[PDB]
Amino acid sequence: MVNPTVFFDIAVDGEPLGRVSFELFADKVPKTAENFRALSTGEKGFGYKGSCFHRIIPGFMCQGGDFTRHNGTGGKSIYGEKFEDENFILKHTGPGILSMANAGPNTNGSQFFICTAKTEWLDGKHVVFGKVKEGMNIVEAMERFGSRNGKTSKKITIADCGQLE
């Protein structure tokens, strides 16, 4: 199976910052990659467009994907509110890794995080399913607006998103 590529156009207080694109590892986690792909195109009628990165912790990660409650507690998958951990083949090996947020085993929805450092203690607990292809400097720039506990000092949004390949 061929790995698709999706993009987010990131905005800061409504002003463009830049584009981040992601390779999705459909060749290892097809169901998890397909969820993120479909949420990025919006083709099911809902998805990431307009949602925010609610937690940015410099040195660690940027987390977003709550397009249902917009408060860090929500989100849903294309399969229902939650779906199972597909596998843990891929690991949190360094900056750029794209991985599923969760609230314990088998609670994947739509929330995700982009690592800005290696976060190996999450291995085997969070499903890694992609990596930044272009625009890692934009993810780095998003760290300008984070904090120790992740509260953001400006509103960081996915102004647009979709599929490139």
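Throughout, we count residues from 1 along the sequence that is shown.
- The PDB entry assigns residue 140 a C-alpha temperature factor belonging to the highest third of its chain's modelled residues.
- Sorting the modelled residues of the chain by their CA temperature factor places residue 76 in the middle third.
- Residue-level temperature factors show residue 120 in the middle third of its chain, judged at the C-alpha atom.
- When the CA B factors of the chain's modelled residues are split into thirds, the value for residue 111 lands in the lowest one.
- In the deposited entry, the Cα temperature factor of residue 58 places it in the middle third of its chain's modelled residues.
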